[PDB]
Amino acid sequence: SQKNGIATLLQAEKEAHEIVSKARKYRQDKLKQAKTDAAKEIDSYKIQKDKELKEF
Amino acid sequence: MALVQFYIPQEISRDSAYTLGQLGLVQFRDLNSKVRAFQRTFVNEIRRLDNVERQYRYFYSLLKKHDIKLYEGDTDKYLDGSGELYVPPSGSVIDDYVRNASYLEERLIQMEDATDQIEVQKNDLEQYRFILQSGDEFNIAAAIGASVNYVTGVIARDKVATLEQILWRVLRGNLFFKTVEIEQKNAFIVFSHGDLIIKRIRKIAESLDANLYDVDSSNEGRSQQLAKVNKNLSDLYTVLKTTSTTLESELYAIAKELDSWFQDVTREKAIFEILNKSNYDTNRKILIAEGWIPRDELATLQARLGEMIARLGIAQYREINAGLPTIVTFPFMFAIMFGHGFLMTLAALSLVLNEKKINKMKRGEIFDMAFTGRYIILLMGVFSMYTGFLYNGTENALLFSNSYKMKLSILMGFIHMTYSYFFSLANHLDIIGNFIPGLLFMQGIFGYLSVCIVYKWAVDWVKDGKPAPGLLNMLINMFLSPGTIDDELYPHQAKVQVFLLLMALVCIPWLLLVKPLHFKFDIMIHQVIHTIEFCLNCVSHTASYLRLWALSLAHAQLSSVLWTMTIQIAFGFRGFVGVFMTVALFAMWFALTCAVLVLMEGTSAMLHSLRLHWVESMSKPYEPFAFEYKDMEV
Amino acid sequence: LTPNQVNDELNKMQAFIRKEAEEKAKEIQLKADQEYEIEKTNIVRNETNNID
Amino acid sequence: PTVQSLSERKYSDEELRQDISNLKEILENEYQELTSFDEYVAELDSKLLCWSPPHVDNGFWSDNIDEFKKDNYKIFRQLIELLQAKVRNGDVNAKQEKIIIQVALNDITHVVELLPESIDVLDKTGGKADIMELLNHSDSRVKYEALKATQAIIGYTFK
């Protein structure tokens, strides 16, 4: 099994590279949704300010 | 215990893995550079190689600034004590060496520049001090004023001042003074002229010799300037002494650290080159092996250089063939060309004790290659005493010793030819064939010639031969089949030539026919080229082996002529004339005899050329000569 | 030369490579989560100040 | 220096190398963006001299050489008066005085080399006679800095 450990190690290294690329894509997805969180929070804060203005 | 990394192609992994594993390597697993994720190639290896080159340039700049010679030697193997003392087996960092060497290089450069500027200023003030005292002597009354025209100047000697006086007299007439004063070397000169011609005398002094002006000094604030020049010359000697003491004290502690850091940076550069840190090394070498080496087999791993793998952790056959028979056949056949061997045994015996200091001294060009092949010169020099003392049966005249010396080289070369054919026939181990049929015609012709040569020297009574025998037996044979004997043959007597010609004629067709048959368990031109090469080398070996009696007879005649023509003249005229004439004749005789023996020893490379060219074909280049010296080392 | 050493070294190298890849993926996910959190917090603070 | 030396050596995970490269430019740019004249005036006024990355460069003393002249070179006379005042009171062959003496003697060499008019303020203040006494004692690093300042003053004192 001398010529099999490099063939299994290449697939394990490619699986580790795809596992790192999945975490990089998840970090890019969280960085994409990070602006959508505050953009969804500003419209929730302006309606909270409008109730405080209409109440007074 | 220690991590080892090697790189080589994927064609010799079994031979390099067996040789590396046979010296203490265990857990050897062949891998590549793309199957891992913690040791992949990148630009960080090229930046580490550039940082190693900057550390080597900083070590070369620190070695050049240190005033010591540049170390051109390197020892990265863990076998020797110098390689282990200059390169530890543990890991190293290039940032600690570069950061530990940048401040020493900058401090050494600033100390060298300040020491050179302080030495130049102290040399200028010390050179101007005696000129200022000599000019001030001839307190101050007319040397610091403005009402008297005085011109000082420093010169090398009066001979250079004579050309300045001739140029000043040719370009200014007789309007100056020519004086010379001896100084500590320097020359004190003084000129006299008008007070309004200082511009023409200074401008004429500008195109003149050594720089002297109307006021030769850098300080004139005090009266006189000799006290301030003596104070600056007394402080510059203290500043230059402090700079030289700080430079010597700082340079005395970092002598071996530059060579050890250069060897560690060379081993780190070899590990970076083995790691494939470049972009063009990922297609040349694709096999990378790793293993675990203990703390006791690392010194044994440097005993062999390897075939193509670089044994650097954090003709490359293992046992055969590398030229193992050249260590015995080389010095024994080479020693027969030469007691003349006693001086070679003494000079070769001095190289045993002088091997340690002579290995690092590097004295001369022939002493380096002689020191590298010290074992071959010791064995060949020790074996030369037997053949040298044996010559000068006995040698008395020509036509007597040549009858035995002629057949002695053929009888001695026949066993080397038979051993060289049996050594090639034993090798190459289903895959047999093409070697058992060869060496049958030459074994029959040379066997019948050597048998008649050995039987010829035993035949007294008359059943023998004067012409030669042996040479006339093989010379007359192969021409006439129906002969009886010519000459001195046994009661056989005609079946030997018929069996020799019948066995020699069948060797031609049976040679090429056995090659394709033995392979079946491009060969057409290889069979005819091997048959023609074997047929040419078979007569070429016995034809080339006859130089031994010629060289031995030439050197023995050239030594015995001077010795026999010097001993008789040295032994006559007893008294002081025998001691002075015998000593003066024996000194010039032994002086030319040692140069003649060194000339014969230098001219004895025909056995190495014939054994390297002709002997290498039947056995299996310069691989056997290096393998003979490397065989005794490992 | 031995067959067990290549399997043991290949298994240890594969386990160390898998653990290093999992640790690098976890560190990349934590850094991306922290950068997304600060990137949301800055615009949330600016929009909250302007709305205030 | 450890971030600059560690920034050259790279490995896998190049996002951490970009984080170290972004941290090195913010670290060097954050401290290098300050004024050298205010930091040198506050450091000389505080009576505490220490070796720094921007304190051994000729660019900091080059811009502070023209701004230090306010009254007869009072900045170099104050630094030489603090270096000689540390030699007079607070005796030498100690660990505390050697750092400020080596820092002031190493800092005086750049101002004396860049400006040739500092020999008059140094000789008038008295740092020339006190600079020669530091070479004969211990602290051979600070004695090497005093040999560099004495070599710089000796280079301009005689050509």
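Neighbour counts are summed over all protein chains in view; Cβ atoms, including those assigned to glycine, are modelled from backbone coordinates with ideal geometry. The numbers here are math on the coordinates, done by the rules we state, and not lab data.
Can you confirm whether D:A149 is within 12 Å of another protein chain (Cβ to nearest Cβ), hydrophobic (A, V, I, L, M, F, W, C) and under 17 Å from D:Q78 (Cα atoms)?
Yes: the conditions hold for D:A149.
Between a residue in region D:22-40 that is closer than 19 Å to D:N64 by Cβ and any residue that is among the aromatic types (F, W, Y), which pairs come within a Cβ distance under 6 Å, given they are 6 or more apart or on different chains?
D:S36/D:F60
Hey, among B:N32, B:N44, which residue is under 22 Å from D:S12 (Cα atoms) and within 12 Å of chain D (Cβ to nearest Cβ)?
It is B:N44.
Can you tell me which residue is surrounded by the fewest Cβ atoms within 10 Å (Cβ to Cβ) among those in region B:576-632 that are more than 23 Å from the chain's Cα centre (by Cα) and not in a helix (DSSP H, G or I)?
Applying the filter and picking the extreme gives B:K620.
Can you tell me which residue in region D:28-69 is farthest from the chain's Cα centre (by Cα), limited to those that are over 26 Å from D:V3 (Cα atoms) and not in a helix (DSSP H, G or I)?
D:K69
Considering only residues that are β-branched (V, I, T) and over 26 Å from D:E145 (Cβ atoms), which ones fall in region B:241-265?
B:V265, the sole residue that qualifies.
Quick check, is A:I19 within 8 Å of another protein chain (Cβ to nearest Cβ), part of a helix (DSSP H, G or I) and touching a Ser or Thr at 6+ places or on another chain (Cβ under 9 Å)?
For A:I19, the condition - within 8 Å of another protein chain (Cβ to nearest Cβ), part of a helix (DSSP H, G or I) and touching a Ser or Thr at 6+ places or on another chain (Cβ under 9 Å) - is not met.
Out of the residues in region B:324-346 meeting the condition of being of a type in the set (G, A, S) and crowded, with 18+ Cβ neighbours inside 10 Å, tell me which one is farthest from B:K620 (Cα to Cα).
Among those residues, the one meeting the criterion is B:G341.
Among (1) away from chain B (no Cβ under 14 Å); (2) part of a helix (DSSP H, G or I), which single condition is D:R17 missing?
Checking D:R17 against (1) away from chain B (no Cβ under 14 Å); (2) part of a helix (DSSP H, G or I), the one that fails is (1).
Would you confirm whether or not region B:300-323 contains a residue that is of a type in the set (A, V, I, L, M, F, W, C), touching a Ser or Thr at 6+ places or on another chain (Cβ under 6 Å) and crowded, with 19+ Cβ neighbours inside 10 Å?
So far as region B:300-323 goes, yes, one or more of its residues are of a type in the set (A, V, I, L, M, F, W, C), touching a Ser or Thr at 6+ places or on another chain (Cβ under 6 Å) and crowded, with 19+ Cβ neighbours inside 10 Å.
B:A270 passes all but one of (1) in contact with a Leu (Cβ under 9 Å, 6 or more places away or on another chain); (2) away from chain D (no Cβ under 13 Å); (3) closer than 30 Å to B:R47 by Cβ; (4) in a loop (DSSP other than H, G, I, E, B); which number fails?
Unmet for B:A270, out of (1) in contact with a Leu (Cβ under 9 Å, 6 or more places away or on another chain); (2) away from chain D (no Cβ under 13 Å); (3) closer than 30 Å to B:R47 by Cβ; (4) in a loop (DSSP other than H, G, I, E, B): (4).
Tell me yes or no: at least one residue of region D:136-144 is touching a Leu at 6+ places or on another chain (Cβ under 7 Å) and of a type outside the set (D, E).
The answer is yes, given that some residue of region D:136-144 is touching a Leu at 6+ places or on another chain (Cβ under 7 Å) and of a type outside the set (D, E).
Each row is one residue, and each column tells you yes or no for (1) acidic (D, E); (2) on the phi > 0 side of the Ramachandran plot; (3) away from chain D (no Cβ under 14 Å); (4) buried (at least 18 other Cβ atoms within 10 Å of the Cβ).
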{"position": "B:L108", "(1), (2), (3), (4)": "no, no, no, yes"}
{"position": "B:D116", "(1), (2), (3), (4)": "yes, no, no, no"}
{"position": "B:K122", "(1), (2), (3), (4)": "no, no, no, yes"}
{"position": "B:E126", "(1), (2), (3), (4)": "yes, no, no, no"}
{"position": "B:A142", "(1), (2), (3), (4)": "no, no, yes, no"}
{"position": "B:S192", "(1), (2), (3), (4)": "no, no, yes, no"}
{"position": "B:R200", "(1), (2), (3), (4)": "no, no, yes, no"}
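Just checking, which of B:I182, B:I131 is of a type outside the set (G, A, S), exposed (fewer than 14 other Cβ atoms within 10 Å of the Cβ) and in contact with a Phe, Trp or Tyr (Cβ under 8 Å, 6 or more places away or on another chain)?
Residue meeting the stated conditions: B:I182.
Quick one: in region B:170-220, which of the residues that are charged (D, E, K, R) and under 56 Å from the mean Cα position of the chain (by Cα) is nearest to B:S147 (Cα to Cα)?
For region B:170-220, the residue satisfying everything is B:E206.
Which ones in region C:29-52 are closer than 11 Å to A:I42 by Cβ, facing chain A (nearest Cβ under 7 Å) and surrounded by fewer than 16 Cβ atoms within 10 Å (Cβ to Cβ)?
Correct list: C:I51 only.
For C:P3, which of the numbered conditions (1) more than 8 Å from chain A (Cβ to nearest Cβ); (2) within 29 Å of A:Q2 (Cα to Cα); (3) loosely packed, with under 12 Cβ neighbours inside 10 Å fails to hold?
Every listed condition holds for C:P3 apart from (1).
Select from region B:512-536 the residues that are under 19 Å from B:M417 (Cα atoms), among the hydrophobic types (A, V, I, L, M, F, W, C) and buried (at least 16 other Cβ atoms within 10 Å of the Cβ) and list them in ascending order.
B:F534, B:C535
Step by step: first the residues of region A:28-44, then only those that are among the basic types (K, R) and within 7 Å of chain C (Cβ to nearest Cβ), then the one that is farthest from C:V44 (Cα to Cα). Which residue is that?
Result: A:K30.
Please verify whether region B:56-69 includes one or more residues that are within 11 Å of another protein chain (Cβ to nearest Cβ) and more than 19 Å from B:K256 (Cβ to Cβ).
No, region B:56-69 contains no residue that is within 11 Å of another protein chain (Cβ to nearest Cβ) and more than 19 Å from B:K256 (Cβ to Cβ).
Checking the structure you have, find out if any residue of region D:105-122 is surrounded by fewer than 20 Cβ atoms within 10 Å (Cβ to Cβ), away from chain B (no Cβ under 14 Å) and in a helix (DSSP H, G or I).
The answer is yes, given that some residue of region D:105-122 is surrounded by fewer than 20 Cβ atoms within 10 Å (Cβ to Cβ), away from chain B (no Cβ under 14 Å) and in a helix (DSSP H, G or I).
Just to be sure before I move on: is B:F188 more than 14 Å from chain D (Cβ to nearest Cβ), surrounded by 14 or more Cβ atoms within 10 Å (Cβ to Cβ) and assigned to a loop (DSSP other than H, G, I, E, B) in the structure I sent?
Taking the combined requirement at face value, the residue does not satisfy it.
Looking at C:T48, C:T2, can you tell me which residue is among the β-branched types (V, I, T) and over 30 Å from B:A289 (Cβ atoms)?
C:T48
Pull out all pairs, ordered by first then second residue, where Cβ-Cβ is under 8 Å, the residues are six or more apart or on different chains, the first lies in region A:45-56 and is within 11 Å of another protein chain (Cβ to nearest Cβ), and the second is surrounded by 10 or more Cβ atoms within 10 Å (Cβ to Cβ).
A:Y45/C:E47; A:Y45/C:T48; A:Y45/C:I51; A:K46/C:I51; A:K49/C:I51
Quick one: in region B:86-104, which of the residues that are in a loop (DSSP other than H, G, I, E, B) and among the aliphatic types (A, V, I, L, M) is farthest from the other protein chains (Cβ to nearest Cβ)?
B:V87
Quick check on region C:12-25. Is at least one of its residues more than 7 Å from every other protein chain (Cβ to nearest Cβ), part of a helix (DSSP H, G or I), of a type outside the set (D, E) and farther than 30 Å from B:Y18 by Cα?
Yes, region C:12-25 contains a residue that is more than 7 Å from every other protein chain (Cβ to nearest Cβ), part of a helix (DSSP H, G or I), of a type outside the set (D, E) and farther than 30 Å from B:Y18 by Cα.
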